[PDB]
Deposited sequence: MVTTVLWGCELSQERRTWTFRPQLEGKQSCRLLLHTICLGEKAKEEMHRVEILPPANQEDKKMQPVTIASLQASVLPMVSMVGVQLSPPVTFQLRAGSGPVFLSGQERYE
């Protein structure tokens, strides 16, 4: 049974934790409100791993369909104001 999953990161709310046997991570997208500075999203333990770098006037968003993450997973907006959205599916 797969359920749709999503989150929004920003400078005000820089972190989000998924914490169902696997998180299927599909896309990462900038919101229309996001400033122009490069954005960077990392996954934190339990060093950080950078999974995406995006910029409004250069690369709207990115697809990474196929990535499957083992929970718990913490995302952090390591650089930029956001909003930055993430989409995916929980599967078990």
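**Student:** Relative to the deposited sequence numbered from 1, which residue ranges are unmodelled?
**Tutor:** Unobserved in coordinates, per deposited numbering: 1-2, 22-28, 56-63, 110.
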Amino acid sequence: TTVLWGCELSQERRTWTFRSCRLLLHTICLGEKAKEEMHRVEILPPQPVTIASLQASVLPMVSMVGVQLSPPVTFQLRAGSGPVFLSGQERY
From here on, numbers count along this sequence of modelled residues.
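**Student:** Per the record, averaged over C-alpha atoms, which has the higher B-factor: 30-38 or 55-63?
**Tutor:** The stretch with the larger mean CA B-factor is 30-38.
**Student:** Mean C-alpha B-factor higher for 82-90, or for 1-9?
**Tutor:** Higher mean C-alpha B-factor: 1-9.
**Student:** What third of the chain, by the recorded C-alpha B-factor, contains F18?
**Tutor:** Its C-alpha B-factor belongs to the highest third of this chain's values.
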